[PDB]
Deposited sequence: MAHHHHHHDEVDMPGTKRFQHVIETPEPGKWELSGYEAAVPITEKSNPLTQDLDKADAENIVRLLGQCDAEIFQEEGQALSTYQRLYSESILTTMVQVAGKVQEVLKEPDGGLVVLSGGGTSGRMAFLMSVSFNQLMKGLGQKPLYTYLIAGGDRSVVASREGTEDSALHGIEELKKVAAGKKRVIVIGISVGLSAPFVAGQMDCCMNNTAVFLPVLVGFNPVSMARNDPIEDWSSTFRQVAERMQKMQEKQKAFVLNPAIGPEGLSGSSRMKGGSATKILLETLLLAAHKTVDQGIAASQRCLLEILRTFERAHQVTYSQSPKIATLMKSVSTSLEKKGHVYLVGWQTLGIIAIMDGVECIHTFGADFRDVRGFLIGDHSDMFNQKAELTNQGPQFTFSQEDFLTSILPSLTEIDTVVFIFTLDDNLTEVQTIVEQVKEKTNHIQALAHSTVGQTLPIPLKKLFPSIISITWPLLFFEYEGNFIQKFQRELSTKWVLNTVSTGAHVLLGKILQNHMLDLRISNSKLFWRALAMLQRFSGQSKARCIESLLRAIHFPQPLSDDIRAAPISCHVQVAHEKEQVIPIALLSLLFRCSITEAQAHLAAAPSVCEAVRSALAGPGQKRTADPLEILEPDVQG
């Protein structure tokens, strides 16, 4: 019948109580799983929220059991990291015609950008020509934009790759897809494997290859899984590498911007930084140089979450201000301001947020008097402003801005990073009662910019902002257990997550879940056989433009009613969330 092949590969909903015994749980990609830790994330008070996420973040460094999946510290993973370091050296010693591309969609693209710059800086601080570049799906504007649709073409990945790679004779392509999912990266990897004379592909994500996506990609013939499997075969002869430790589920299910993005920086900062440090010394990069770096990042989690109490407070404030229809400002310097901007933008697609709700500023790129003349005017009693900087920053700029903002609102807070024994100028201190200062131990360091200190700081801020933005929205009641039910379907991945979420919460067959989702999407059009057989992109393109699709679908299924009926009931409920929970009892 129509739609049987489109949906053939969706696993059937199990019968009640047998989610485990059917083998269904074992098939959920680690990156899509419900993290047992956060099953009641929707009931946790702010303090618990910080704790539960700091703990989800911790799983990044948790060791492999004695049967189960390789992790970061597993010997097979570290070996792979060393051999890739190795290949990145060959290219470092031959910089004419050599290039290193970091590539992904969404937050994977954003991570790739930050790291391309950092390592380009390093090469320059040492007077050598920069060999790094990045690619992000949808081009360079995607870096600071919510543009979830752009990851779904393999040809557009290959195109961007052929662009930045022309003329070059040795290119290392680091494709980053947390879920081993993005067609944008899959095409790059396959192109690489078709021309190894020039290309060395390296795939980075956090599922076993047996859980890589196996869906048809609409402009292409292999699936991400086949690609990743061909890469794996090639690794024995060292012409492709798959670097894919399990780090455990996200605290918020499928929100791969969180642990996935952090583990991405962790994993590649470590490996690339080792690669540089050790070319100098004329030594093979070793499992032990990586280890040093890895353990440092691991201390960095402990140091960051030492400050948990004031992380929770900042959260409580961010939430209150969102709850009163107010807005949130994340102001910060150099690289930390970027991260601030990446985080606010990600709340748009993650939580259904207006871009003003949580937004970031680099000193988007609106600097001193400009910020004070444009943004400063229109503030309010109820708004929250966060200042994010290090004690190596233009602290004059800082205190100026804090001052004027002080008058507009009281809900300021700061995130301040120091080397131990640095101190706050006291006009800055008195301006923040409960300041969040993270003081870093002294560490020995090879290079001028002290890159290992940037990496620590960037990561620690990422964790703080991710945890704040995410738990603020959970406090508002927007999250259902540990799932974001009411997401906007803007790509094929998100279509499949919507469907799976409808199987999970309704408990009903796949045939019905699919029907109810396609009806909610395409309403007022009825389900014809064309619609049933359409490619997934046609569903996406229509769902992208609507509201509450997935809750309308769930209601229809829970009441056994039409879309007309479920819509009227959702309109008669106090809120989306109230209606859904209600129906679920």
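Going by the record, the unmodelled stretches of the deposited sequence, in order, are 1-12, 79-80, 378-396, 619-638.
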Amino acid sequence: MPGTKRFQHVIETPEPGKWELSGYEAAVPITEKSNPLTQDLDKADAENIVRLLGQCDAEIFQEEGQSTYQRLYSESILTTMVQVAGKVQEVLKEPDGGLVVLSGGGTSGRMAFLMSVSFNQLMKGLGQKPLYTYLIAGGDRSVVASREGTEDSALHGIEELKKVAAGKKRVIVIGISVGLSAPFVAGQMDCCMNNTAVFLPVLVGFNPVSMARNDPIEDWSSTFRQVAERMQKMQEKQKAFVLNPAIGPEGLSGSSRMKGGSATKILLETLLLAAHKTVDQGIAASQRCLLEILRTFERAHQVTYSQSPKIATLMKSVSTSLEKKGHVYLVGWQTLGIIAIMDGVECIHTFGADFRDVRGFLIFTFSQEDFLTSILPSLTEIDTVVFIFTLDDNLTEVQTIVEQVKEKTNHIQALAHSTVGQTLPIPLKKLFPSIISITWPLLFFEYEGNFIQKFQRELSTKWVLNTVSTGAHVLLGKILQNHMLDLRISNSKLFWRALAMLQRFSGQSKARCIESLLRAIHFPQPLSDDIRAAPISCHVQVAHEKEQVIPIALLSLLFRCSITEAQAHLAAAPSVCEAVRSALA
From here on, numbers count along this sequence of modelled residues.
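Only the largest set of C-alpha atoms that superpose within 1.5 Å between the two forms is called the rigid core.
When the other structures are laid on the shown form by the rigid core, the stretch among 193-201 and 424-432 with the greater C-alpha deviation in 6 other deposited structures of this protein turns out to be 424-432. RMS Cα deviation from the shown model in 6 other deposited structures of this protein, rigid core fit, is larger for 22-30 than for the other stretch of the pair 551-559 / 22-30.
In this entry, 442-450 shows the higher mean Cα temperature factor of the pair 442-450 and 222-230.
Stretches 520-528 and 43-51 differ in mean CA B factor, with 43-51 having the higher one. Take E397, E346, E269, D190 and read off each C-alpha B-factor from the entry; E397 has the highest. Within the listed group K462, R295, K265, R356, the record reports its top CA B-factor for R356. Looking at the C-alpha B-factors along this chain, the one for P208 belongs to the lowest third. For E565, the recorded CA temperature factor ranks within the middle third of the chain's modelled residues.
For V576, the recorded CA temperature factor ranks within the middle third of the chain's modelled residues. When all modelled residues of the chain are sorted by CA temperature factor, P36 is found within the middle third.
In the deposited entry, the Cα temperature factor of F184 sits in the bottom third of values across the chain's modelled residues.
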